[PDB]
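A.B. asks: My questions will all concern the structure given below.
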Amino acid sequence: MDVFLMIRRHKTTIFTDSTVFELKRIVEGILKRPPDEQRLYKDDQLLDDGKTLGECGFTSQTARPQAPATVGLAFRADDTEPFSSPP
Amino acid sequence: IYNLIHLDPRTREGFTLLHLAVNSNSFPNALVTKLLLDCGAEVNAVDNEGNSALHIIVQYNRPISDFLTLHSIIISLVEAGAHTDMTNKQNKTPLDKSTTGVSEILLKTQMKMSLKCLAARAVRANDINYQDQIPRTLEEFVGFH
Amino acid sequence: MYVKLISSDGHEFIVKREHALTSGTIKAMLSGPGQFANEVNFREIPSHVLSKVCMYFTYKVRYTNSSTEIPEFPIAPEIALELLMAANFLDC
Amino acid sequence: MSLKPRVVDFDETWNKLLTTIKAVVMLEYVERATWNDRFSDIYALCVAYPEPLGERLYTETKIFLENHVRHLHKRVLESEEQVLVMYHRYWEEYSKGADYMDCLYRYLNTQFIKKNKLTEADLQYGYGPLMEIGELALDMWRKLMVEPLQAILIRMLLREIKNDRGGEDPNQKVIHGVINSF
């Protein structure tokens, strides 16, 4: 178990620990949304399917619990802010 | 016994009864320490140099001598209360002052981390005005940690 | 087996049930007439602090009882006080 | 942020806590949005910039429990010929009352109390009383509800058991609860 990222989305953040279809499955199991309705907007590009997270680009050694990586999943529309300013 | 420990008979450099009982003047008596702790004594005591009970037994320097009795005082100390990261008279920790490699690994089995401890260090190491902007109780707690 | 955590700012967070029982206060708020049959509403905690509070749980649970030398938690100097006055409340 | 010590008034907070602390000693409904918010008020009182206010809170909650204990004594000491069921129906509620309130006073038990109390060593061997909420509500049931009543409770039992010996069908649960209370 070598990856720890957050499926951030508008006003929401889910925390989870080998391809993108299973990630859509888990996002369904949490938010109750159709698998085809929700897809990725990972880092200004639309990730492919069938390929494991290793081939997408995220490496384990740079993705640790101290600094998880953001994964944009704002595809709720149809089938396709900063947290706060410290004082 | 309790009648005497109900008053502080500290002598010399503010050494308590436990401090004398745990160092070579009696260097390590397992039953004596157990009886003294059961009768009731401050497990955290401060001397002229601020050293605690663990700060003294960690520099025993004879690991082979009583390698089965040096594993009694430590467990007796960690149980019934003990603080494992106090700094005294200068920036130093019980693990930092460990002269022997045996003691350095013997300790590691019994501590536990909490967010309060990891937050306390950064306040003092990166010095900021930590006075009058926090609850009164935590002011002392951020002092020795 | 999932529990919600709403902050005063508005951002909502979600983490596993077993990963959020390390704090006694969060356990007390879920026991009583507050069985919530879950979403726990905090009224005085910002969002940035709550982010790292959530992050701390995985770090604690994963690297426990492990021979591998453990790394160090990165804490920014600017926010350091607020984690202290929040861990006092949450008893973490 | 609203977590730094502030200035608070006793009356406004205490005339608001009473309504929700009176509905937990007898089981009723409290909304899931107030049980979570009053956890941030018992904390504000314990940290006030002018002076701490915990001791007054302790003194007041003792008096609150005293009247509730005493009124049930009035209602029971006048129940006729059916004391046993009347002592069970209220014992069952009041037992669950205490542990559902102990959670609300966790901060007081952890920080203020247990720091100025007596040690177990002080208890033993003599030599050497502040007591924890939720275990304080169990020492006002002994002194004002059973000790002033430990004649009829024993007498009605020691004849029902005899009647059962001679042939009788008493409800097992009612009797068992009363003996288990002690």
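Within each chain, counting starts at residue 1; across the structure tokens, chains are named A, B, ... in the order shown, with ligands numbered 1 upward in that order.
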Any idea what's packed within 9 Å of range 12-20 of chain C, counting only C-alpha atoms, ignoring anything in its chain fewer than 6 positions away? Could you give it as a list in words?
C.D. replies: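 Once the adjacent positions are removed, what remains is residues 11, 12, 13, 14, 15 and 16 of chain A; 1, 2, 3, 4, 5, 6, 26, 27, 47, 50, 51, 54, 57, 58 and 61 of chain C.
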A.B. asks: Mind dumping the selected residues with N, CA, C and O atoms as a short mmCIF file (atom, residue, chain, number, x, y, z; two decimals), in the first residue's frame?
C.D. replies:
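What follows is the written file again05.cif:
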```cif
data_model
loop_
_atom_site.label_atom_id
_atom_site.label_comp_id
_atom_site.auth_asym_id
_atom_site.auth_seq_id
_atom_site.Cartn_x
_atom_site.Cartn_y
_atom_site.Cartn_z
N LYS A 11 -16.20 22.07 -2.48
CA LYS A 11 -16.72 21.99 -1.09
C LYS A 11 -16.81 20.53 -0.62
O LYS A 11 -17.87 20.16 -0.10
N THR A 12 -15.74 19.75 -0.80
CA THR A 12 -15.73 18.35 -0.29
C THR A 12 -14.32 17.76 -0.44
O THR A 12 -13.60 18.18 -1.36
N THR A 13 -13.96 16.82 0.43
CA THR A 13 -12.64 16.14 0.33
C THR A 13 -12.74 14.74 0.94
O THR A 13 -13.02 14.65 2.15
N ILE A 14 -12.51 13.69 0.14
CA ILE A 14 -12.56 12.29 0.65
C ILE A 14 -11.12 11.76 0.73
O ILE A 14 -10.33 12.09 -0.17
N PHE A 15 -10.81 10.98 1.77
CA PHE A 15 -9.42 10.48 1.95
C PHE A 15 -9.40 8.97 1.75
O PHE A 15 -10.15 8.27 2.46
N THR A 16 -8.57 8.48 0.82
CA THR A 16 -8.51 7.03 0.53
C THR A 16 -7.07 6.62 0.25
O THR A 16 -6.25 7.50 -0.08
N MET C 1 -19.44 2.84 7.72
CA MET C 1 -18.20 2.99 8.48
C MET C 1 -17.50 4.30 8.14
O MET C 1 -16.27 4.38 8.14
N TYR C 2 -18.28 5.34 7.86
CA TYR C 2 -17.74 6.63 7.46
C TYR C 2 -18.43 7.72 8.27
O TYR C 2 -19.63 7.63 8.55
N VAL C 3 -17.67 8.75 8.63
CA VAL C 3 -18.14 9.82 9.50
C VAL C 3 -17.76 11.16 8.88
O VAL C 3 -16.66 11.32 8.34
N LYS C 4 -18.69 12.11 8.93
CA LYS C 4 -18.47 13.45 8.40
C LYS C 4 -17.95 14.39 9.49
O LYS C 4 -18.14 14.15 10.69
N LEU C 5 -17.30 15.47 9.06
CA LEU C 5 -16.74 16.48 9.96
C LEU C 5 -16.92 17.84 9.30
O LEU C 5 -16.22 18.18 8.35
N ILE C 6 -17.87 18.63 9.82
CA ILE C 6 -18.11 19.96 9.28
C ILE C 6 -17.36 21.00 10.10
O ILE C 6 -17.40 21.00 11.34
N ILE C 26 -14.23 13.27 20.19
CA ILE C 26 -14.99 12.81 19.03
C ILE C 26 -15.73 11.51 19.30
O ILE C 26 -16.77 11.26 18.69
N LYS C 27 -15.23 10.68 20.22
CA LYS C 27 -15.96 9.51 20.68
C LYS C 27 -17.12 9.87 21.60
O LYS C 27 -18.19 9.27 21.50
N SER C 47 -10.51 26.01 8.86
CA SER C 47 -10.36 24.90 7.92
C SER C 47 -8.92 24.42 7.84
O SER C 47 -8.67 23.21 7.78
N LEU C 50 -8.02 22.11 10.69
CA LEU C 50 -8.73 20.85 10.53
C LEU C 50 -8.15 19.98 9.43
O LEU C 50 -8.25 18.75 9.53
N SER C 51 -7.55 20.57 8.40
CA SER C 51 -6.90 19.75 7.38
C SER C 51 -5.79 18.91 8.00
O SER C 51 -5.78 17.68 7.87
N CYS C 54 -6.92 16.14 10.34
CA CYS C 54 -7.27 14.93 9.61
C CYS C 54 -6.04 14.19 9.11
O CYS C 54 -5.96 12.96 9.19
N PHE C 57 -4.06 11.61 11.55
CA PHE C 57 -4.57 10.30 11.92
C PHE C 57 -3.92 9.19 11.11
O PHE C 57 -3.53 8.15 11.67
N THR C 58 -3.81 9.37 9.79
CA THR C 58 -3.18 8.36 8.96
C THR C 58 -1.71 8.18 9.32
O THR C 58 -1.20 7.05 9.38
N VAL C 61 -1.64 6.11 12.55
CA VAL C 61 -2.07 4.71 12.47
C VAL C 61 -1.08 3.88 11.65
O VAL C 61 -0.79 2.73 11.99
#
```
A.B. asks: Residues of chain D within 10 Å of chain C, counting only C-alpha atoms, what are they? List them as a list in words.
C.D. replies: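 Listing them in order of chain and number gives residues 1, 2, 3, 4, 24, 27, 28, 29, 30, 31, 32, 33, 34, 35, 36, 37, 38, 39, 40, 43, 96, 99, 100, 101, 102, 103, 104, 106 and 107 of chain D.
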A.B. asks: Extract, using only C-alpha atoms, all DNA, RNA and protein residues at most 10 Å from residue 84 in chain C, discarding same-chain residues fewer than 5 positions from it, and format them as a CSV table (one decimal) with N, CA, C and O atoms, in the first residue's frame.
C.D. replies:
```csv
chain,number,residue,atom,x,y,z
B,115,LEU,N,-0.1,14.7,19.2
B,115,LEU,CA,0.0,16.0,18.5
B,115,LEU,C,0.4,17.1,19.4
B,115,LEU,O,1.1,18.0,18.9
B,116,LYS,N,0.0,17.1,20.7
B,116,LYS,CA,0.4,18.2,21.6
B,116,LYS,C,2.0,18.2,21.7
B,116,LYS,O,2.5,19.3,21.7
B,117,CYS,N,2.6,17.1,21.8
B,117,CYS,CA,4.1,17.1,22.0
B,117,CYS,C,4.7,17.6,20.7
B,117,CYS,O,5.6,18.4,20.8
B,118,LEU,N,4.3,17.1,19.5
B,118,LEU,CA,4.9,17.6,18.3
B,118,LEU,C,4.6,19.1,18.0
B,118,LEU,O,5.4,19.7,17.3
B,119,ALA,N,3.5,19.6,18.5
B,119,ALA,CA,3.2,21.0,18.4
B,119,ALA,C,4.0,21.9,19.4
B,119,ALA,O,4.3,23.0,19.1
B,120,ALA,N,4.3,21.3,20.6
B,120,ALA,CA,5.0,22.1,21.6
B,120,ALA,C,6.4,22.5,21.2
B,120,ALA,O,6.9,23.6,21.4
B,123,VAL,N,7.0,25.7,18.9
B,123,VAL,CA,6.8,27.0,19.5
B,123,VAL,C,8.1,27.5,20.1
B,123,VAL,O,8.4,28.7,20.1
B,134,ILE,N,-2.5,32.3,25.3
B,134,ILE,CA,-2.9,30.9,25.5
B,134,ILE,C,-3.6,30.6,26.8
B,134,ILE,O,-3.4,31.5,27.7
B,138,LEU,N,-1.8,25.6,29.9
B,138,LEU,CA,-0.9,25.1,28.9
B,138,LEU,C,0.4,26.0,28.9
B,138,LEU,O,1.4,25.6,28.3
B,142,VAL,N,3.9,24.1,28.1
B,142,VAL,CA,4.8,24.4,27.0
B,142,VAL,C,6.2,24.9,27.5
B,142,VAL,O,7.1,25.2,26.7
C,49,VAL,N,-6.5,24.4,10.0
C,49,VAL,CA,-6.1,23.5,11.1
C,49,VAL,C,-6.7,22.2,11.0
C,49,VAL,O,-6.0,21.1,11.1
C,79,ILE,N,1.3,28.8,11.9
C,79,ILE,CA,0.1,28.3,12.4
C,79,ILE,C,0.3,27.5,13.7
C,79,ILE,O,-0.7,27.0,14.2
C,89,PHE,N,-8.5,21.0,22.8
C,89,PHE,CA,-9.9,20.8,22.8
C,89,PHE,C,-10.2,19.3,22.4
C,89,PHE,O,-11.0,18.7,23.1
C,90,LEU,N,-9.5,18.8,21.4
C,90,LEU,CA,-9.8,17.5,20.9
C,90,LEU,C,-9.2,16.4,21.7
C,90,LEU,O,-9.6,15.2,21.5
```
A.B. asks: Using only C-alpha atoms, select each residue of chain B with any atom at most 10 Å away from an atom of chain D, and give the selection as a PyMOL selection string.
C.D. replies: chain B and resi 2-3+6+37-41+132-137
A.B. asks: Under the rule of at most 12 Å, produce a per-residue listing of chain A near chain D: chain, number, name, the closest pair of atoms, and the distance in Å, as JSON lines, using only C-alpha atoms.
C.D. replies:
```
{"residue": "A:84", "atom": "CA", "partner": "D:1", "partner_atom": "CA", "distance": 11.8}
{"residue": "A:86", "atom": "CA", "partner": "D:1", "partner_atom": "CA", "distance": 10.7}
{"residue": "A:87", "atom": "CA", "partner": "D:1", "partner_atom": "CA", "distance": 9.8}
```
A.B. asks: With C-alpha atoms kept, could you save the residues just selected as a short mmCIF file (atom, residue, chain, number, x, y, z; two decimals), in the first residue's frame?
C.D. replies:
```cif
data_model
loop_
_atom_site.label_atom_id
_atom_site.label_comp_id
_atom_site.auth_asym_id
_atom_site.auth_seq_id
_atom_site.Cartn_x
_atom_site.Cartn_y
_atom_site.Cartn_z
CA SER A 84 -8.18 29.55 4.04
CA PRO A 86 -3.67 32.01 7.63
CA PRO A 87 -3.82 35.06 9.95
#
```
